[PDB]
Amino acid sequence: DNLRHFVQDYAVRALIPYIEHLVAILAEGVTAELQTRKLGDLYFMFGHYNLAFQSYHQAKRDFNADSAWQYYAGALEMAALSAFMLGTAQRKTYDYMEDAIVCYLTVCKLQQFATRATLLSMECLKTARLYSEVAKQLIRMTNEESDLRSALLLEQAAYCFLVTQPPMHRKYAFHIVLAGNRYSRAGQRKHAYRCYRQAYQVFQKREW
């Protein structure tokens, strides 16, 4: 009722003092190796992209000796977020992206952070015009540890294969069928059917 909204407004006005609390926490933060990281963690919410800017900057001088680049990877993705929030998203930043993620995969057996950061990269490049590099990295991280990840990822790389331009779909079908049988082994039955169906269109259109 109306009194329900009285209490709702009571609640939200009570929450405003928490935003003042976090302003005070920013104040206590402004003036160490993990201190720089916790700063960026904080002002994700505050929106200080400039601070995240200098944050991953200081992070490179910090992790230079420190092989723990998973944290530095996350610094590069926070750089990316800050960037396309501002809208710039420098090409070179994108490079740091894999320089963030894929490189560390070589040294450390850290699969799930690879998955998450790779995906968020996939959609951020979906915002960009470049839909391919996500597919090619996605192929390599596709197969391992599972077919459920594998088959879905092959589907996404499939539609990427022709988001901008189609050509050379022989390989397209020849791998999405691999995705579909992995569906049939463990993935969804119905989506196995639908991927099979679209692959059957591609089959019918590619005789040569």
# chains A, B, ... in the order shown; residues from 1 in each chain; ligands from 1
>>> select_by_dssp(residues="range 30-142 of chain A", states="alpha helix (DSSP H)", output="ChimeraX atom specification")
/A:30,33-46,49-63,69-86,91-107,111-127,132-142
>>> residues_around(residues="residue 208 in chain A", least_positions_apart="4", cutoff="12 Å", atoms="only C-alpha atoms", output="VMD selection string")
chain A and resid 170 203 to 204
>>> write_last_selection(atoms="C-alpha atoms", output="PDB file, in the first residue's frame")
ATOM      1  CA  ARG A 170      33.629 -26.286 -44.293  1.00  0.00           C
ATOM      2  CA  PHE A 203      25.573 -29.612 -45.081  1.00  0.00           C
ATOM      3  CA  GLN A 204      22.915 -29.099 -47.739  1.00  0.00           C
TER       4      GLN A 204
END
>>> atom_distance(atom1="CA of residue 162 in chain A", atom2="CA of residue 97 in chain A")
23.3 Å
>>> closest_residue(among="A:91, A:149, A:109, A:171", to="residue 186 in chain A", atoms="only C-alpha atoms")
A:149
>>> closest_residue(among="A:184, A:137, A:93, A:127", to="residue 153 in chain A", atoms="only C-alpha atoms")
A:137
>>> closest_atom_pairs(of="range 73-139 of chain A", to="range 61-68 of chain A", cutoff="12 Å", atoms="only C-alpha atoms", output="CSV")
residue,atom,partner,partner_atom,distance
A:73,CA,A:68,CA,9.0
A:74,CA,A:68,CA,10.9
A:75,CA,A:63,CA,10.8
A:100,CA,A:68,CA,11.2
A:101,CA,A:68,CA,11.9
A:103,CA,A:67,CA,11.3
A:104,CA,A:68,CA,8.7
A:105,CA,A:68,CA,11.5
A:106,CA,A:67,CA,11.9
A:107,CA,A:67,CA,8.8
A:108,CA,A:68,CA,9.1
A:110,CA,A:68,CA,11.3
>>> closest_residue(among="A:124, A:173, A:202, A:157", to="residue 81 in chain A", atoms="only C-alpha atoms")
A:124
>>> residues_around(residues="residue 198 in chain A", least_positions_apart="6", cutoff="12 Å", atoms="only C-alpha atoms", output="ChimeraX atom specification")
/A:155,158-159,172-173,176-177,180,191-192,204-205
>>> write_last_selection(atoms="C-alpha atoms", output="mmCIF file, in the first residue's frame")
data_model
loop_
_atom_site.group_PDB
_atom_site.id
_atom_site.type_symbol
_atom_site.label_atom_id
_atom_site.label_comp_id
_atom_site.auth_asym_id
_atom_site.auth_seq_id
_atom_site.Cartn_x
_atom_site.Cartn_y
_atom_site.Cartn_z
ATOM 1 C CA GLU A 155 28.498 -22.960 -30.732
ATOM 2 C CA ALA A 158 30.361 -20.931 -34.666
ATOM 3 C CA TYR A 159 28.065 -17.937 -34.808
ATOM 4 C CA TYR A 172 32.573 -24.338 -39.430
ATOM 5 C CA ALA A 173 30.301 -27.340 -39.872
ATOM 6 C CA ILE A 176 30.097 -27.683 -34.867
ATOM 7 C CA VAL A 177 29.191 -31.309 -35.514
ATOM 8 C CA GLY A 180 26.798 -31.389 -31.305
ATOM 9 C CA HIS A 191 20.190 -27.835 -28.295
ATOM 10 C CA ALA A 192 22.089 -30.792 -29.715
ATOM 11 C CA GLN A 204 22.915 -29.099 -47.739
ATOM 12 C CA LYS A 205 24.467 -25.867 -48.994
#
>>> closest_residue(among="A:35, A:195, A:15, A:133", to="residue 154 in chain A", atoms="only C-alpha atoms")
A:195
>>> residues_around(residues="range 43-50 of chain A", least_positions_apart="3", cutoff="8 Å", atoms="only C-alpha atoms", output="PyMOL selection string")
chain A and resi 26+39-40+53-54+78-79+82-83
>>> closest_residue(among="A:4, A:21, A:116, A:136", to="residue 156 in chain A", atoms="only C-alpha atoms")
A:136
